[PDB]
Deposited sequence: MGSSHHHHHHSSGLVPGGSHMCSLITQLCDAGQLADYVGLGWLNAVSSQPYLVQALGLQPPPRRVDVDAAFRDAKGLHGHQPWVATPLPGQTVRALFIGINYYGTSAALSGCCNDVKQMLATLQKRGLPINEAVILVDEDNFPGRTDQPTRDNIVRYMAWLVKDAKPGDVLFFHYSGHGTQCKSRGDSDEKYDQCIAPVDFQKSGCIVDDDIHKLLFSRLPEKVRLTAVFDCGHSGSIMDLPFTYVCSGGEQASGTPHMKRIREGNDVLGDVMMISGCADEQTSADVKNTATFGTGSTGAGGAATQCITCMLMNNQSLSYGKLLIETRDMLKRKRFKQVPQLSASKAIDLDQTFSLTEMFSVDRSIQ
């Protein structure tokens, strides 16, 4: 059962109290491009699920249980301290993610936190290639109808050579162990969910645009209005995802600029998008919330606009949530 009292297993983290909601930067940070990488070691999903046996998370805070549902979460933040790859804001993104989920009362049964920041309360382990792979398997391995899964990554996205380039993420030990290709992330995180499981995945990568091979997407570009009726669009033939996967990322505005012939930051946009969506206390639809969120990113000088991708065409009139299955937009084949 979920721990419902602070006297049950002792005191738990108060991330809001450590200033992680209100007293850390929510501004853009600099993300230098990593550059083209050598070929990665492709994932053996068998070995991943084997290495995940016996892994577990911990309950990060007390909250009100959702009847008929469990919640599992994996957070990955990578600053690449001391290297040419160093990023200032990725572990801070995870701080804000954790504090926002706590503030809003998401009842997480088990969380795993992979960050390279020292003295980070609740840190499970280092975000190495092998840890990311096995804990991705951990997140999805026990999934049953009604379950809710949450995934957050803030770190480098880049390209790696094949054995045409692949999009990939860089673990903290990428220099030794190589990157993880988006196809393998899709196979670990998305492909192995059964029906009636809900996942939300947030990828905060300054230089990717990748949508993890999902079949439907919606970009909340500059010409969208609250008085319009947005829809997702199909961008890939075929689909191997049974569950309800929703992904938040940032991408370039698809509206063509009126500039003919200001300052921004590329880091932190996806995290601000999801946290802004969660902090809005008015039970807005996906569509309306993405407008407000787009406006926040342009106000705060982020380079990116919001991108929502999914395993089904979500009716954007549906109320945004982390916990509910999608209402399908039947107009999108």
### Message
Without any C-alpha position in the structure, which residue ranges of the deposited sequence would you list, numbering from 1?
### Response
1-22, 186-190, 289-295
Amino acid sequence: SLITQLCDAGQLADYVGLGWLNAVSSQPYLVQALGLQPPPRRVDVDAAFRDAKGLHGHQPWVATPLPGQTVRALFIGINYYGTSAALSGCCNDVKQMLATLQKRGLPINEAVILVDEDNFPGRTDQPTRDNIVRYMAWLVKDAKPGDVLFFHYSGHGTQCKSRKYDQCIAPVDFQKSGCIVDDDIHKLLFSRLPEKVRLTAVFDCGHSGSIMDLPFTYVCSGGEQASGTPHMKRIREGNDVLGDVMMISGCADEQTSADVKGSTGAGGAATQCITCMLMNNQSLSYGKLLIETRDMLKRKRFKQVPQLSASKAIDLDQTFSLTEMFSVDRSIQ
From here on, numbers count along this sequence of modelled residues.
### Query
Once you work out the mean C-alpha B-factor for both 247-255 and 124-132 from the entry, which is higher?
247-255
### Higher-scoring stretch by recorded Cα B factor average, 200-208 or 170-178
200-208
### Task
Please pick out which of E224, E110, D184, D118 has the largest Cα B-factor as recorded in the entry.
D118
### Task
Return the residue from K233, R72, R236, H152 that has the highest Cα B-factor in the entry.
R236
### Query
Thinking about Cα B factors across the chain, which third does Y81 belong to?
middle
### Query
Thinking about Cα B factors across the chain, which third does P60 belong to?
middle
### Query
Should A9 be placed in the lowest, middle or highest third of its chain by the C-alpha B factor in the entry?
highest
### Ranked C-alpha temperature factor of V260 among modelled chain residues, by third
highest
#### Entry: Lowest, middle or highest third - CA B-factor, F190
middle
